[PDB]
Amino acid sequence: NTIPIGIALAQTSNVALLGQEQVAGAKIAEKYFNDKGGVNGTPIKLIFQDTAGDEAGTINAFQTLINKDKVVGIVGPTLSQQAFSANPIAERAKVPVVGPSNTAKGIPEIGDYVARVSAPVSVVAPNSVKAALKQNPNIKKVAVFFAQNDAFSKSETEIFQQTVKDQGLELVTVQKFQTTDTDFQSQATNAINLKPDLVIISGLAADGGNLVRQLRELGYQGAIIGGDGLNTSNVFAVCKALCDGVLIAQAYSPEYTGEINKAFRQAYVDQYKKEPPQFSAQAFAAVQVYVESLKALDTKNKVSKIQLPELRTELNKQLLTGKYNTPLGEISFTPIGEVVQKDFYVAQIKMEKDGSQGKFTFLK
């Protein structure tokens, strides 16, 4: 007998450059928590339903997890764009959702069954601007690019634009693209002609990494910040050597000395031979929130004997009240399911072996 927890992530499509890191973290969490006894003796069972990269796929995954797989709660989806489209299904069904990577403004406000462990763009993104200015104090002109078809990218770019203007910098252009684009020559050229010292990109990984390449190939030599959509080790194979030096803010540090983080990190390194990335840590944390909340319920009433609709509502109520020492540090929730997290970091991509392998190097 097991407790089914739904995992709805982008396992396929270009969005899987991000989603597969989340799958990896979720799988590590399942083994970790079950090795520790699951929920007071009752194992959890993660049930994966691929969302692909679109709204339709996410709607399908949520419907299946709720109705066919009868899950007690969902971790997912990968994109805020997908969350806005599919989370109302869970809200209507009164099934909790914990977003592992949905950082757009407005996610917690979708409803009282929606929470997130992923800190919002407003608190995360400005850290990389601050880091860029520390590395080059004489940056004056900034060019910004964003994916206008994506809810997160639109939300993130607003943060970046306001942040740079508030720092007294000159925003010379805001260039639009689509996450599905492959050619960025015209936007890159138009930005380059305006002589920026810093370029900031809000998109996803396949698109973002190719935009980085095309900027460099057109002769742009200045600093580059990538937003959270580029924040995956799978971007290294996209921009290759041209990824080198890109600054990306982080909501996770592999070096945090919490016991659970140390165990998570060890398991990740053992399996993948690299340090755990943010999205893996955040996915682990989402599973942890469910496991520890189920344990809290279980001490009062055995979870394996609670009927599903009741269990779902009680689980949602419980998780919002919990405090958790996760890979992300100590976290808790506001009454609408926003994460409470104050520690953030910045990393810089360091490439090696003629662009064939890379790592996120954390700035001190």
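The term rigid core refers to the most C-alpha atoms you can superpose between the two forms while keeping them within 1.5 Å. Numbering starts at 1 and runs along the sequence shown.
Greater average departure of CA atoms from the shown form, over structures and residues in 6 other deposited structures of this protein after a core fit, characterises 228-236 among 157-165 and 228-236. Between 238-246 and 195-203, greater CA displacement relative to the shown form is found for 238-246 when the structures in 6 other deposited structures of this protein are fitted on the core.
Between 285-293 and 164-172, it is 164-172 that carries the larger average Cα temperature factor according to the deposited entry. Note on 136-144 vs 221-229: mean CA B-factor is higher in 136-144. Between the residues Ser280, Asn193, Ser155, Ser202, the entry's highest C-alpha temperature factor is the one at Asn193. Across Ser253, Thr103, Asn127, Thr180, the greatest Cα temperature factor reported in the deposited entry is at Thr180. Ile89: CA B factor lies in the highest third for its chain, per the PDB record. Placement of the Cα temperature factor of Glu30 within the chain: middle third of the modelled residues, per the deposited record.
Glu55: CA B factor in the middle third of modelled residues in this chain (values from the PDB entry). For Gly322, the recorded CA temperature factor ranks within the middle third of the chain's modelled residues. Compared with the other modelled residues of the chain, the Cα B-factor recorded for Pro43 ranks in the highest third.
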